[PDB]
Amino acid sequence: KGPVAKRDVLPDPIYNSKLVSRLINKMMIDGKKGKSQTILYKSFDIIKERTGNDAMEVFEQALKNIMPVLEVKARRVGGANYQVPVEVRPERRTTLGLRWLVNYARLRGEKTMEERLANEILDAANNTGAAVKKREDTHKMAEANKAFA
Amino acid sequence: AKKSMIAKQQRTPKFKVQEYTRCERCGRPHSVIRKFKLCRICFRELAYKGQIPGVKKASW
Amino acid sequence: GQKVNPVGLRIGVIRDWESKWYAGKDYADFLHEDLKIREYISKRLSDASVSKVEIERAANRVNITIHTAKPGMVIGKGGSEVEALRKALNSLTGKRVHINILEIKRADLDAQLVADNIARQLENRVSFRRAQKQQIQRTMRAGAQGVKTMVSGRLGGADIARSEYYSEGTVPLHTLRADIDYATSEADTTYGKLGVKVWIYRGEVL
RNA sequence: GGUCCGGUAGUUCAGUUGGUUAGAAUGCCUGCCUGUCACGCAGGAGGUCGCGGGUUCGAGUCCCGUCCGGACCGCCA
RNA sequence: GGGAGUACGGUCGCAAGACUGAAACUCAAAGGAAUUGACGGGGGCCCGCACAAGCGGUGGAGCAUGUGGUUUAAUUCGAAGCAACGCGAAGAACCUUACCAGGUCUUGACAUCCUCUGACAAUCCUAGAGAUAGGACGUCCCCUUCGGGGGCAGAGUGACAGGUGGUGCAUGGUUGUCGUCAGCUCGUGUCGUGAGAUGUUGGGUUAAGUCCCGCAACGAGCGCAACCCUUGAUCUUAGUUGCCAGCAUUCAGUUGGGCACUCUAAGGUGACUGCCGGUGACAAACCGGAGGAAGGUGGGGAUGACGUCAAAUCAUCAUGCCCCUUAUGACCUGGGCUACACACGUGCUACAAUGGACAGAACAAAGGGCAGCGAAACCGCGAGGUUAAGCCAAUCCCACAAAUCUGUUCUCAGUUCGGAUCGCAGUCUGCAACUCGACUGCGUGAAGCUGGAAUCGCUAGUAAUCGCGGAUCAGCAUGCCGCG
């Protein structure tokens, strides 16, 4: 017991734009180094071709469109199993958004991983992703059960 | 029936395969160590008692 | 189950192997040879009490020292029996042997001799209370820092075995800096088998 | 003795009408839960239709007869 | 104490019932108050991958292994919730092996003695698994004032020997478990009468009965921590079978040189809330900094208290009973311990394009090696075969690490996935590969397209994946142990 938190895999400290930050480090939650970073770079590029503008710009726009603010937790009080919504801490927010990004990136089912993640970047920059769908799902269900607190 | 078979162990059989190893201090046929020709329980007894001039209890 | 043996734990860090020699590619038969020679002295000199024996293999000619104080009669007019036992040893080991005897002062606080003693009056049918109690007071009169004695088996009550102990002073088995000396002896009586264990704490080692 | 009813998984009832599919609880078996047992949770099989005969491409279910039970009636002197 | 405020009989009552009130029979207790424990779907605090937060799994499939059930001549025994079930067994073709079928023997597989021959069996032919039958050196040593003794067997005999023949509920010696939990107790003294209490409770604090302050307790012990090992940073010593820095020369430190550096391994130095600031009564501590390789027991290991499970082990040991010597004791061969309608567990491998195939490029640690490791080279497609160098090893060998990265191809399917099971031909080992070993080249190619109810492990070099050693060992490892 006792809340702890820790840094992991942060890039070089000075002049850390997020594009060089995730160019040299960051995200990489696919497995091991090697066939996790190469593929991420390829996905990142196949969207500069698709939309001729900044890859990291549309990437954090996609992340922003994925960003939730409400998440519900269950409770044992009462024999009806009520569920209570709470505000999401920002670290939980970013890791959970990135988690859904990667899981329906591998779930969305195209012929290969780089175009899968590329189409996921496009479909999260625009609001037509499965992750955007479930984001609004938990948002509206939290708004539905928000009466409890 | 234990001790007829250890007599079978020292006196030689007819083929080079049949020399199954044994520990003669305590006659277990299983789990002897070639470095000492000695099996587990009677190894551990004299090991804690002091012999086998270089054995110490490991910790790393 | 039980503890580990204190002296088995302390082998090599505080304790000697009492087999200080080295063999390589002859380790095996050398080793079982130290076992049967120890057996020979153990059941030959059981009358005059022996605790431990150190074996040296200088130039493969075996060399022996034997401890404890009651073999002061072995050293004495029994130089003849010293020679005879040594002739039997060279009869057993091929390459000959040379033996020495070391007197022990305060033989009361040596674990092997204590355990052999308790086994002896347990065979002689004194009560285990009396045996343990006079022995423990004798050791801590001798100057031991702390002594705990064990007994287990059919302690008169043949229908159910149990265990009994008495101890005072300090017996820090958990401290490895401590000097401990452990014995076990097996007292045989008409009731079956009676187990004796004893260990002695004799101050720490700086 | 006459008339009318029904005869279905081990048990109890649907299907028996739809001539053209044999089902539902319970029981039983296996797995899960429990310290164990019971509850509770996942899975699964079974009958081939009281019997015999006849019609039809095809009868559980149509039509006779046999057997088993049940209901009703067996009255006037 | 029940029987029982029941039966009977009276007395009231409208009635329900009320009052009065036995016995037979039966039990050896029932009770009151208090103590210590345990428990509570009682309360107050605290911890532990205990749950949460996640990650990867099992059960869905095949295969390996253990177990149950069934069967057999026997499927040798023991293990049974955690805390039995890749468990003894760190390796079953005979052996192991105990079990079964058959063929055998009886002072005996074997030990101590007795009495004789006295040194003795070996070795090859005949039937032949034992073992018998006859020959061949065949029963032949050493000390011996050479009389006779000793060793070292043979023959014969009687005391005896042998029991994995049961009993962990007779046992010793062992081991797991709660639990690495912070508890467990004692001397002396008080209080109660006694059971017992106080110490060990209260306030605060800690990983901790850790510590501080209180307090009829004062102390002490087993505990806890430290002391040990290893891993982290550095100094000195010593530079070869290691290192290559400045040098010169090579295919390569290879050499010529040299311990500089790495490293080796000894001796050391270092971390102790040490210091600062703050909180806290100033106490104990707590919080944050500076330093520091390391900071609050740095990490990990070893280390298992009193006890609990009448836990297990009569398979190391041993009174106790029982087994016989015309057998529960020996010998031998063959079989069995590997069976198979099913179930359970633990593992391995897959279901695929974060992939598969093909080519290339690399980068570890830790061990082992003499009836052993066995180099290079040659042969063979390959398992391997042949002559063989070196190494008892910081020289030599095992020994080409894999995952990884770069490129080409495959193009989403039961597939260039997956390899199950089979047929054929071989390799090694071993007297021997059928029951019943492993490996190779072939051909064939299974189910399986992420798995119900459920359920498990895991707080960072961890999980998850990747290979590599060792033991056991003729040959056999998906298991175990350890390494990066």
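Going by the header, the method for this PDB entry is cryo-EM, and the resolution given is 3.57 Å.

The name recorded for chain C in the PDB entry is 30S ribosomal protein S3, from Bacillus subtilis. The deposited entry bears the title "Bacillus subtilis MutS2-collided disome complex (collided 70S)". Quoted verbatim from the Sequence similarities (unreviewed entry) field of the UniProt record, the comment on chain C reads "Belongs to the universal ribosomal protein uS3 family." Reading the Function (unreviewed entry) entry of the UniProt record for chain C gives the comment "Binds the lower part of the 30S subunit head. Binds mRNA in the 70S ribosome, positioning it for translation."

As recorded in the PDB entry, chain A goes by 30S ribosomal protein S7 and comes from Bacillus subtilis. In its Sequence similarities (unreviewed entry) section, UniProt records this for chain A: "Belongs to the universal ribosomal protein uS7 family." Note on chain A: under the UniProt heading Function (unreviewed entry), the record states "One of the primary rRNA binding proteins, it binds directly to 16S rRNA where it nucleates assembly of the head domain of the 30S subunit. Is located at the subunit interface close to the decoding center, probably blocks exit of the E-site tRNA."

With that settled, the discussion passes to the overall build of chain C. The number of helices and strands found in chain C is 6 helices and 7 strands. Starting at the N terminus and walking to the C terminus, you meet the elements of chain C as α-α-β-β-α-α-β-α-α-β-β-β-β. Whereas a compact globule of 206 residues would reach a radius of gyration of roughly 17 Å, chain C reaches 19 Å, a difference of no more than 12%. Along the first, second and third principal axes, the C-alpha set of chain C runs to 50 × 40 × 35 Å. Expressed as a percentage of the 206 residues in chain C, the buried residues total 44%. Contacts in chain C between residues far apart in sequence, at least 24 positions, make up 58% of those at least 6 positions apart. Treating the 34 positive side-chain charges of chain C as one cloud and the 25 negative ones as another, the clouds have centres 2 Å apart.

Turning our eyes to something else, we now look at the protein's contact with RNA strand E. In the region of RNA strand E, 71 residues are neighbours, and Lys35 and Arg116 of chain A, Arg44 and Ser59 of chain B together with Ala158 of chain C sit closest. If you look at RNA strand E and keep only atoms within 4 Å of the protein, 74% of those are sugar or phosphate atoms. One of the backbone nitrogen or oxygen atoms of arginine 7 of chain A is found 3.2 Å away from a base nitrogen of RNA strand E. Between RNA strand E and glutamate 186 of chain C, the relevant distance is 2.7 Å, taken from a sugar or linking oxygen to a side-chain nitrogen or oxygen of the residue. Tallying contributions element by element places helix α1 (residues 3-10) of chain B first for the surface near RNA strand E, with 5 residues.

With that out of the way, let us pick up the UniProt feature "domain: KH type-2" (unreviewed entry) in chain C. With numbering matched to this structure, UniProt assigns "domain: KH type-2" (unreviewed entry) to residues 37-105 of chain C. Along residues 37-105 of chain C, the helical share is 39% and the strand share 20%, with 25 Å between the first and last C-alpha atoms.

This model, assessed by the stated rule, comprises 3 cavities of 30 Å³ or more. Of the pockets and cavities examined, the largest cavity occupies roughly 140 Å³. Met27, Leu40, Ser43, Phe44, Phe59, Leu98, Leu101, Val102, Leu117 and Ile121 of chain A together form the lining of the largest cavity. Counting only elements with at least two residues in the lining of the largest cavity, the list comes to α2 (37-48), α4 (90-107) and α5 (113-125) of chain A. Residues that form the lining of the largest cavity fall into these classes: 9 nonpolar, 1 polar and no charged. In terms of lining, the second largest cavity is formed by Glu33, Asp34, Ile37, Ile41, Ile55, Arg57, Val62, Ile64, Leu89, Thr93 and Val97 of chain C. Those elements that place two or more of their residues in the lining of the second largest cavity are α2 (27-44), β2 (62-66) and α4 (79-93) of chain C. Here the lining of the second largest cavity takes 4 residues from α2 of chain C, the largest share from any one element. A breakdown of the residues in the lining of the second largest cavity according to their chemical character gives 7 nonpolar, 1 polar and 3 charged.

Throughout the structure, instances matching the rule amount to 6 aromatic pairs over all chains. For the pair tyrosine 182 of chain C and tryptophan 199 of chain C, a centre-to-centre distance of 5.5 Å together with 80° between the ring planes defines the contact as edge-to-face. On the criterion of sequence distance, the pair formed by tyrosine 182 of chain C in strand β6 (residues 178-189) and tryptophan 199 of chain C in strand β7 (residues 192-204) is long-range, its members being 17 residues apart. Among the residues examined, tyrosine 182 of chain C registers a relative accessible area of 22% and is labelled partly exposed. Look at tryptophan 199 of chain C and you get buried, because its relative accessible area is 11%. Geometry around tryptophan 100 of chain A places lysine 134 of chain A over its ring, the cationic atom sitting 3.8 Å from the centre. For the cation-ring pair, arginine 154 of chain C lies above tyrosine 191 of chain C, with the distance from its terminal atom to the ring centre recorded as 5.1 Å.

A separate point is helix α6 (residues 128-142) of chain C. Because the α-helix completes a turn every 3.6 residues, residues three or four places apart line up on one side. Residue and element names in this part refer to chain C. Helix length check: α6 (15 residues) gives 21 Å between terminal C-alpha atoms against 21 Å at 1.5 Å per residue, within 8%. Buried residues of α6: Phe128, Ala131, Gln132, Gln135, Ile136 and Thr139, and no others. End-on, the buried residues of α6 take up no more than an arc of 115°, which puts them together on one face. Of the surrounding secondary structure, the elements contacted by the buried residues of α6 are α5 (111-123), β4 (146-153) and β5 (162-169). Positive backbone phi, at 125°, marks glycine 143, one or two positions downstream of α6.

This part is about unusual backbone geometry. Residue and element names in this part refer to chain A. The phi dihedral of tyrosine 15 falls on the positive side, at around 55°, and the residue is not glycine. For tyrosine 15, the location among the structural elements is in the segment before α1 (18-24). Although it is not a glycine, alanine 149 adopts a positive phi angle of roughly 50°. Looking at the element boundaries, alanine 149 is found in the segment after α6 (130-144). Given the relative accessible area of 88%, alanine 149 is considered exposed.

Reading the values: rules and limits
Residues numbered from 1 in each chain as written, not as in the entry; some residues may be left out. Chains lettered and ligands numbered in written order. Part of a larger assembly, values for the part shown. Heavy atoms only, no water. UniProt positions renumbered as here; feature names shortened; annotations may be inferred. Helix = DSSP H or I, 4+ residues; strand = E, 2+ residues; numbered from the N terminus. Rg over C-alpha atoms; globule rule 2.2 N^0.38 Å. Buried < 20%, exposed > 50% of the residue type's maximum accessible area, 1.4 Å probe, protein only. Contact = heavy atoms within 4.5 Å. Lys, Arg positive; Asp, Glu negative; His and termini not counted. Charge placed at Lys NZ, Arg CZ, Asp CG, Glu CD. Near = heavy atom within 4 Å. Polar contact = N/O pair within 3.5 Å; in protein donor to acceptor, adjacent residues only side chain to side chain. 1 Å grid on protein atoms, 1.4 Å probe; cavity = no way out; pocket = protein on both sides within 12 Å on 5 of 7 lines; lining within 4 Å. Points joined across faces, edges and corners; volume = space filled by probe spheres on them. Nonpolar A, V, L, I, M, F, W, Y, C, P; charged D, E, K, R; others polar. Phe/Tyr/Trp six-rings, centres within 6.5 Å; stacked < 30°, edge-to-face > 60°. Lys NZ or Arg CZ within 6 Å of the ring centre and 35° of its normal. Expected span 1.5 Å × (residues − 1). Arc of directions from axis to C-beta.

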